[PDB]
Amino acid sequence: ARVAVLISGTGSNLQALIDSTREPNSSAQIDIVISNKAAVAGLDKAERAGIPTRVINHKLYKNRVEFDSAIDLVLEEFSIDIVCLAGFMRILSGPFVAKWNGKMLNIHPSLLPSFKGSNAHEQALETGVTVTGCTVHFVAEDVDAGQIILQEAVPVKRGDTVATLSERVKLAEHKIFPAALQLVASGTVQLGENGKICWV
């Protein structure tokens, strides 16, 4: 399975995905890394691993649909089968999401459906949970509401901050995201016609 990884930032999840897909038994190959922001650290991790990169500045486009179309063009150029959103922060448009339905995965740093949106850790800390986690799900049109593939709980320790909590949660992200990609890449898991997770 040919994979594109979209990033907006540091690329720790990207790096975990690079490491896992180099394993001999990997069912996925990362063929392109797309960033919507220039000179982010994930672009370096990609070049060090010998993976093509492309910056598609969202700031240059009239609206989401145009910008998504620019991404889609690169996805076709590279005959991509699966899209991983790994720290990619731009909400995608309906048509793009529908096109990639069942082929696009996103990592989210909470146990969905808790704490959807961009600042999950802040919410988690403000709410006072003692267990949080991360969620790999298919991208549906409703942000952070697509079908759930894997999750891993992570404890909240007293005194935690966004810095310390997100650091612990990212250790789980680097486990379940490579695992979720391998499940989809190998056809073990797919989005069902009824729209629920299907473990073939």
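Residue positions are given as counts along the sequence shown, with the first one as 1.
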{"item": "Of 146-154 and 56-64, the stretch whose C-alpha atoms average the higher B-factor in the entry", "value": "56-64"}
{"item": "Greater mean Cα temperature factor according to the PDB record, 34-42 or 170-178", "value": "34-42"}
{"item": "Top Cα B factor in the deposited entry, candidates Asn25, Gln15, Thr10, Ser186", "value": "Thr10"}
{"item": "Assigned third (lowest, middle, highest) for the C-alpha B factor of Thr161", "value": "lowest"}
{"item": "Chain thirds of CA B-factor: placement of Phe115", "value": "lowest"}
{"item": "Chain-wide C-alpha B factor ranking for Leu125, given as lowest, middle or highest third", "value": "middle"}
{"item": "B-factor third for the C-alpha atom of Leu6 within its chain", "value": "middle"}
{"item": "Cα B factor band for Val136 (lowest, middle or highest third within the chain)", "value": "lowest"}
